[PDB]
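One structure is given here, and the rest of the page talks about it.
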Amino acid sequence: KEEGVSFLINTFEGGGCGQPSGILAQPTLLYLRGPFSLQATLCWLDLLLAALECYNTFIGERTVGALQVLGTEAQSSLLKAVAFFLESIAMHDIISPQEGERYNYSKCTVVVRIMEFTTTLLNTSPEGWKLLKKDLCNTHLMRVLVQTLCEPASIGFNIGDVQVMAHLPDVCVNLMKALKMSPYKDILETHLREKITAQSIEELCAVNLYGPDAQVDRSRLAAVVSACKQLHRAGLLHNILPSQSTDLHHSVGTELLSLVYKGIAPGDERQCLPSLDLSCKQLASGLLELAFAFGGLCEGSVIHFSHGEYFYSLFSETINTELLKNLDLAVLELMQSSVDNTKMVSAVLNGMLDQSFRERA
């Protein structure tokens, strides 16, 4: 009546070295392809083995201190070295839309089954750091998961949100805080330090438009946000910007004050806002917000309401989530907000009470 890890030691005295499958096919990987056992075999050996060890995290001790000194097992040096070349090949080129349907799901199933097992192996699996002592293709893995924004290219975004991309902003938050404490984070930071400078500048000018027209930029925006929103549960996003951009996400606020004059965008451009505010008001401050609530309160039929439109519209943006944005820092902050009395502003205040009404009672 033992428990797993204690029972393992009596087995090694017998047949211990090499018990999951060691000959995993490799050489017939030409440009041949098919939904034949060209995608089921290699991905059945992979999801079976990346599991027999993922679940073996409780017996995870005598199996990395002993599956890394397992040079003769021929398993690990194929599980890894292939899947890193194998993983890279799938990401590059996949090669009848139904044959590519089953192609994109069984590969999205391999990547994350590796990736959160990359979470497990990077955090509590190593008490002796047995893989940070040995990685032979630790570079290919970088070139894809960071495409957490351009991921609608390797896997589908509408086809991915079910099952996977419900689990995926999970895998990312699990993987980003996994290296962050490790000595392998500062290695990836150099890599990640690539998506903000090439984006800060183009997204800025490419958003102001009358109608829809430019639509391929309307998604990378939500992507620049989608991947940023998963980055607030990690590290480093606090390092890339407080350089001289502490009050810059406030210019992103002026960017919101920008599209006020031009006819309105409809109920779908309406949805974007965290990037508009949830992304900016999670690294930037909340006082320069109040300083815009009441500070922007400073200011035949057509030019009449324009006096009353930076008087009408500013209030409208200020609503929805911006009122709940107060809740994150509002203890103590409102006695300052409520003391200033430009005009009765307490009107918008009950907007705070309303969303509290909603959650509780």
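Numbering (full-length UniProt numbering) for the sequence shown: 1213 to 1307, 1323 to 1526, 1548 to 1609.
By construction, the Cβ of each residue, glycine as well, lies at the ideal position given by its N, Cα and C atoms.
Would you report the Cα separation of residue i and residue j, rounded to the nearest angstrom?
i: residue 1381; j: residue 1335; result: 8 Å
i: residue 1411; j: residue 1556; result: 55 Å
i: residue 1482; j: residue 1526; result: 17 Å
i: residue 1290; j: residue 1241; result: 14 Å
i: residue 1460; j: residue 1405; result: 11 Å
i: residue 1214; j: residue 1286; result: 30 Å
i: residue 1225; j: residue 1256; result: 30 Å
i: residue 1368; j: residue 1467; result: 22 Å
i: residue 1366; j: residue 1282; result: 23 Å
i: residue 1379; j: residue 1264; result: 30 Å
i: residue 1229; j: residue 1384; result: 42 Å
i: residue 1416; j: residue 1429; result: 22 Å
i: residue 1327; j: residue 1247; result: 8 Å
i: residue 1431; j: residue 1447; result: 12 Å
i: residue 1497; j: residue 1436; result: 14 Å
i: residue 1300; j: residue 1362; result: 15 Å
i: residue 1310; j: residue 1354; result: Since the chain is numbered 1307 and then 1323, with no step between, residue 1310 has no place in the structure shown.
i: residue 1587; j: residue 1516; result: 16 Å
i: residue 1575; j: residue 1457; result: 21 Å
i: residue 1358; j: residue 1296; result: 14 Å
i: residue 1474; j: residue 1503; result: 14 Å
i: residue 1306; j: residue 1223; result: 42 Å
i: residue 1245; j: residue 1231; result: 30 Å
i: residue 1593; j: residue 1333; result: 56 Å
i: residue 1455; j: residue 1485; result: 22 Å
i: residue 1605; j: residue 1591; result: 25 Å
i: residue 1394; j: residue 1400; result: 10 Å
i: residue 1356; j: residue 1288; result: 16 Å
i: residue 1386; j: residue 1549; result: 48 Å
i: residue 1489; j: residue 1551; result: 14 Å
Give a yes or no on whether the C-beta atoms belonging to residue i and residue j are separated by under 8 Å.
i: residue 1567; j: residue 1599; result: yes
i: residue 1563; j: residue 1596; result: yes
i: residue 1499; j: residue 1425; result: no
i: residue 1236; j: residue 1337; result: no
i: residue 1559; j: residue 1480; result: no
i: residue 1451; j: residue 1505; result: no
i: residue 1476; j: residue 1507; result: yes
i: residue 1398; j: residue 1343; result: yes
i: residue 1402; j: residue 1345; result: yes
i: residue 1462; j: residue 1573; result: no
i: residue 1418; j: residue 1373; result: yes
i: residue 1340; j: residue 1259; result: yes
i: residue 1275; j: residue 1347; result: no
i: residue 1577; j: residue 1494; result: no
i: residue 1330; j: residue 1238; result: no
i: residue 1216; j: residue 1271; result: yes
i: residue 1561; j: residue 1487; result: yes
i: residue 1433; j: residue 1440; result: no
i: residue 1571; j: residue 1603; result: yes
i: residue 1298; j: residue 1254; result: yes
Helix, strand or coil: how does DSSP classify residue i here?
i: residue 1609; result: coil
i: residue 1356; result: coil
i: residue 1497; result: coil
i: residue 1338; result: helix
i: residue 1578; result: coil
i: residue 1469; result: coil
i: residue 1331; result: helix
i: residue 1516; result: helix
i: residue 1255; result: helix
i: residue 1290; result: helix
i: residue 1262; result: helix
i: residue 1222; result: helix
i: residue 1239; result: coil
i: residue 1487; result: coil
i: residue 1445; result: helix
i: residue 1479; result: helix
**Message:** I'd like the ranges of any beta strand (DSSP E) spanning at least 3 consecutive residues and lying wholly in the region 1370-1401.
**Reply:** none
**Request:** Go through the region 1400-1430 residue by residue and report every complete run of the alpha helix (DSSP H) that reaches 4 residues or more, in order.
**Result:** 1412-1419, 1424-1427
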